[PDB]
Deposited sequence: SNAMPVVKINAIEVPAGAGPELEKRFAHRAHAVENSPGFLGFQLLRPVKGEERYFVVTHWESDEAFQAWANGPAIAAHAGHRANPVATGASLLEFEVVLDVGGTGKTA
């Protein structure tokens, strides 16, 4: 009954650096793929009305995201946080 959460990292990617960014995030999706509370990942290339790439992750709760984001690691971008008010499928 926790409130689902959606984090969107809006990143400025130069014109041309597209294929290298989408190759890079294909690996970063691996590290998040089986984390506790992880629901979904999407990489969104802007087409109209926006110029930044959108890195979207769906989580069970803000607690699950803070657990993954503040844990240990190996070593402009604006972060937008939302609460999934409702969700329907196709």
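Deposited residues absent from the coordinates (by C-alpha): Absent from the structure are positions 1, 77-88, 104-108.
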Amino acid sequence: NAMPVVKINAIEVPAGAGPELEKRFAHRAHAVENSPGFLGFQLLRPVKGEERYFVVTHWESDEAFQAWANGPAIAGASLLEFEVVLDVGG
From here on, numbers count along this sequence of modelled residues.
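Stretch with the greater mean C-alpha B-factor as recorded in the entry, comparing 76-84 against 5-13: Higher of the two, by average CA B-factor, is 76-84.
Mean Cα B-factor comparison, 62-70 or 15-23, giving the higher one as deposited: The entry gives the higher C-alpha B-factor average to 15-23.
Deposited CA B-factor, highest of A31, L44, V47, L39: Answer, based on the entry's C-alpha B-factors: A31.
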